[PDB]
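**Q** Could you work out the structure for the sequence below:
(4 chains, ligands or ions: 4)
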Amino acid sequence: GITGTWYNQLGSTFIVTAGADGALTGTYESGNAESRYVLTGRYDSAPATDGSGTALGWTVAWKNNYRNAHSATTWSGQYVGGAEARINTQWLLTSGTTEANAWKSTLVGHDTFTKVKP
Amino acid sequence: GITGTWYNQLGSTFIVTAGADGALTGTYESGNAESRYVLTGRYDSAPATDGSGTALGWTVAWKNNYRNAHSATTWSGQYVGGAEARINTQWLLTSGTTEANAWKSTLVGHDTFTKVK
Amino acid sequence: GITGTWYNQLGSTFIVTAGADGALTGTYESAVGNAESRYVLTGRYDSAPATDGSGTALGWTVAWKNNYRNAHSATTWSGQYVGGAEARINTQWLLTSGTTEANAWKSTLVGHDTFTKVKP
Amino acid sequence: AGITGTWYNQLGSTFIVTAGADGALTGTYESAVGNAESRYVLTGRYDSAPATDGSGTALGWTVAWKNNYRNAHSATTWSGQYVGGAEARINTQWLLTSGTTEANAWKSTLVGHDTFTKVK
Ligand SMILES: COC(=O)c1cncc(-c2cc3c(=O)[nH]ccc3o2)c1
Ligand SMILES: COC(=O)c1cncc(-c2cc3c(=O)[nH]ccc3o2)c1
Ligand SMILES: COC(=O)c1cncc(-c2cc3c(=O)[nH]ccc3o2)c1
Ligand SMILES: COC(=O)c1cncc(-c2cc3c(=O)[nH]ccc3o2)c1
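**A** Numbering: from 1, shown residues only, chains lettered A, B, ... in the order given. Ligands and ions are numbered 1, 2, ... in the order given. Take a look at the structure below.
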């Protein structure tokens, strides 16, 4: 299922546990200790039984004991099981800004995760 | 300044606690238990003190003990303090779909939250 | 109707003509970013919208190059026109810069602009 | 510029575009089979003087989903960059806005990504 270690297309490492209560918990590394960050999120713990994927999302605030970028990324997507399981996401990365700079505060993109290094 | 009850522009209520460890926890509703959902997220617990906002994000999966939309929303944004404090966000709402329908799986929008409804 | 001069919430000026064939043409002047004076825009709109109270779907693009500056970037606005006593165009936008492959992951900004014929 | 010609996305769609000397994109967006009912006008803009440091070329375009045969009351904008070479690509993110009532406007806009190649 969702619980496990995943890698995006750029080599980031997503170590996640999907709990019985719909919770996602774990760590995100965008490969050393000072690049590891806490993540939390939620997933559909009772997905449809018609072949559909499992909706999920999570957040990382880019502060740890070593760095603080004053920013946070959310990933929104779905887990697709099968022979090569995949989590397909789109993401929003918002930085803290002044009001005058808020129009350019948010980047957008897409990440795909597999259980194998790219 | 984040902990408390917040209201978006469409009548939803966002009840959140910002913990010392950077955690966001709480509930999201659009007023009975049937419409209330768990949320979890993260925020910058050491923001700049130069007028910049506080970056944050959270997720709701749209399942509770009564309903399940097989979907989840993530909000990404910043808290802005002051006399009219706000949480300004953009959001992504992904539904569980088949592969053939995955191209249309994700809605995008924006929500602004205030401390008074 | 869509044809007219519009302003967003940040002071940008959007001067547009909606042609009978579905074409949007005109100029955009931005109050933010690496921008000066007017830039060409082109786009499309639904020339036969639904009659059930729905807005009119539309979109347009500005490449941020003119005779004065070139930011090596382009914005697309996607949205709908909503008529009424306070006519409005509500949009969400994507702004992509030309980048190297190593920097492409952070090539695209996203936001939302609302346009009115009265300048806020 | 390398942009003019026929491009194919990952899901069976095709577009033929001309990149004008002035920065104009004009052409037609269609399905793989190419029947008349699947063809729509496309219009956009690109950076006609891109950087020379290995960066991509920023561009965008719009298709309103109305033709002489059908009308979905919606429009898509693609925002992205062209990357040249033997394996040329246009890498995009897109926004698809439908005309809606105010009460349904919150769910009016879909978001995704498309990659285009010169080979089907
Ligand atoms: C030291 O700073 C960081 O590691 C850092 C800062 N700011 C953003 C990101 C990051 C990583 C990442 C990703 O894997 N997918 C989508 C977005 C995204 O953003 C990482
Ligand atoms: C019964 O189903 C629901 O309550 C439900 C289902 N699917 C989505 C949403 C919802 C609410 C909401 C919001 O306040 N801001 C952004 C997105 C968003 O999505 C609610
Ligand atoms: C990275 O951004 C640029 O290079 C840039 C240059 N010049 C103008 C703009 C600009 C202006 C503008 C607006 O009014 N609404 C939405 C997006 C947007 O982007 C962006
Ligand atoms: C015949 O086609 C339609 O009626 C139609 C209606 N509504 C949307 C689309 C469409 C096609 C398409 C795409 O190739 N990439 C991204 C978005 C996208 O949207 C097509």
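**Q** Could you measure from the residue in chain A sticking out farthest from the centre over to chain C?
**A** The C-alpha centroid of chain A is most remote from residue A:100, which lies 28.9 Å away (C-alpha atoms, centre = their mean). Separation of residue A:100 from chain C (C-beta to the nearest C-beta, to the nearest Å): 8 Å. Heads up, the C-betas are built off the backbone N, CA and C, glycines and all.
**Q** try residue A:54
**A** 25 Å.
**Q** What of residue A:80?
**A** Relative to chain C, residue A:80 is positioned 22 Å away (C-beta to the nearest C-beta).
**Q** Which of the three states applies to the residue farthest from the centre of chain A?
**A** helix (DSSP: H, G, I helix; E, B strand; the rest coil).
**Q** How about the contacts made by the nearest residue to residue A:108 once chain neighbours are set aside?
**A** Of all residues not flanking residue A:108 in the chain, residue C:110 sits nearest, at 4.0 Å (C-beta to C-beta, 6 or more residues apart in numbering or on different chains). Residue C:110 makes contacts with A:92, A:106-108, B:90, B:108, C:92-95, as judged by C-beta atoms under 8 Å, 6 or more residues apart in numbering or on different chains.
**Q** Longest strand of chain A, counting residues only.
**A** strand A:68-80 (DSSP state E).
**Q** Give me the phi and psi for residue A:33.
**A** Main-chain torsions, residue A:33, degrees, to the nearest 10: phi -60, psi -40.
**Q** Where does residue A:111 fall, secondary structure wise?
**A** Per DSSP states H and E, residue A:111 falls inside strand A:106-114.
**Q** Who does the residue of chain A found nearest chain D form a beta bridge with?
**A** Closest contact between chain A and chain D, by C-beta to the nearest C-beta, is at residue A:110 (5.0 Å). The partner list for residue A:110 in beta bridges (DSSP bridges) reads residue A:90.
**Q** separation between it and ligand 3?
**A** Residue A:110 sits 19 Å away from ligand 3, going by C-beta to the nearest ligand atom, to the nearest Å.
**Q** Then residue A:69?
**A** Separation of residue A:69 from ligand 3 (C-beta to the nearest ligand atom): 19 Å.
**Q** Which positions in chain A make contact with ligand 1?
**A** A:8, A:12, A:30, A:35, A:62, A:67, A:69, A:71, A:73, A:91, A:93, A:109, A:111 (C-beta under 6 Å from any ligand atom).
**Q** in chain A, which spans are strands?
**A** Listed from the start of the chain, chain A has strands (DSSP E) covering A:4-8, A:13-18, A:23-29, A:36-43, A:54-63, A:68-80, A:86-95, A:106-114.
**Q** With only the CA atoms kept, save the third one in PDB.
**A** It refers to strand A:23-29. In PDB, the C-alpha atoms belonging to strand A:23-29 read as follows (Å, rounded to 0.1, in the frame of the first residue of the first chain):
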ATOM      1  CA  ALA A  23      -3.000   9.700   8.900                       C
ATOM      2  CA  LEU A  24       0.200  10.100   6.900                       C
ATOM      3  CA  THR A  25       3.400  10.600   8.900                       C
ATOM      4  CA  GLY A  26       7.000  10.400   8.000                       C
ATOM      5  CA  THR A  27      10.000  12.200   6.600                       C
ATOM      6  CA  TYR A  28      11.000  13.900   3.300                       C
ATOM      7  CA  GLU A  29      14.500  14.400   2.000                       C
END
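**Q** Just checking the strand holding residue A:111 against ligand 4, any contact.
**A** No. Counting by C-beta under 6 Å from any ligand atom, ligand 4 has no neighbours in strand A:106-114; the shortest distance is 13.1 Å.
**Q** before we move on, what about stretch A:84-91?
**A** No. Applying C-beta under 6 Å from any ligand atom, one finds stretch A:84-91 out of contact with ligand 4, separated by at least 13.4 Å.
**Q** starting at the chain centroid, how far to that stretch?
**A** Offset of stretch A:84-91 from its chain centre (C-alpha atoms, centre = their mean, to the nearest Å): 9 Å.
**Q** again with stretch A:8-17
**A** Offset of stretch A:8-17 from its chain centre (C-alpha atoms, centre = their mean): 8 Å.
**Q** cool, stretch A:15-26 as well?
**A** Its chain's C-alpha centre and that of stretch A:15-26 lie 12 Å apart, by C-alpha atoms, centre = their mean.
**Q** First-to-last residue distance for that stretch?
**A** One end of stretch A:15-26 to the other measures 5 Å (C-alpha to C-alpha, to the nearest Å).
**Q** Stretch A:103-117 too?
**A** So stretch A:103-117: terminal residues 35 Å apart, C-alpha to C-alpha.
**Q** Run through the residues of chain A sitting next to ligand 2.
**A** Within chain A, no position is near ligand 2 by C-beta under 6 Å from any ligand atom.
**Q** Quick check on residue A:12: phi, psi?
**A** With angles defined as degrees, to the nearest 10, residue A:12 sits at phi -70, psi 150.
**Q** so the closest residue to ligand 2 within chain A bridges to which residues?
**A** Of all residues in chain A, residue A:55 sits closest to ligand 2, at 9.7 Å by C-beta to the nearest ligand atom. Judged by DSSP bridges, the bridge partners of residue A:55 are residue A:78.
**Q** swap in residue A:63?
**A** Residues in a beta bridge with residue A:63, per DSSP bridges, are residue A:68.
**Q** and what of the one 10 residues further on?
**A** For residue A:73, the beta-bridge assignment (DSSP bridges) gives partners residue A:60, residue A:93.
**Q** With residue A:16 instead?
**A** Assessed by DSSP bridges, residue A:16 has beta-bridge partners residue A:4, residue A:26.
**Q** Show me how far stretch A:58-77 is from its chain's centre.
**A** From the chain centre to the centre of stretch A:58-77 is a distance of 10 Å (C-alpha atoms, centre = their mean).
**Q** same question, stretch A:8-27
**A** 7 Å.
**Q** again with stretch A:72-88
**A** Centroid separation between stretch A:72-88 and its chain, computed with C-alpha atoms, centre = their mean, is 8 Å.
**Q** and it, how far apart are its ends?
**A** Its start and end residues considered, stretch A:72-88 measures 19 Å (C-alpha to C-alpha).
**Q** Ok, stretch A:9-22 next?
**A** Using C-alpha to C-alpha, the end-to-end distance of stretch A:9-22 comes to 26 Å.
**Q** Could you do stretch A:29-44 as well?
**A** The first-to-last residue distance of stretch A:29-44 comes to 24 Å (C-alpha to C-alpha).
**Q** Same check on stretch A:31-45?
**A** Stretch A:31-45 has an end-to-end distance of 30 Å (criterion: C-alpha to C-alpha).
**Q** swap in stretch A:27-37?
**A** 5 Å.
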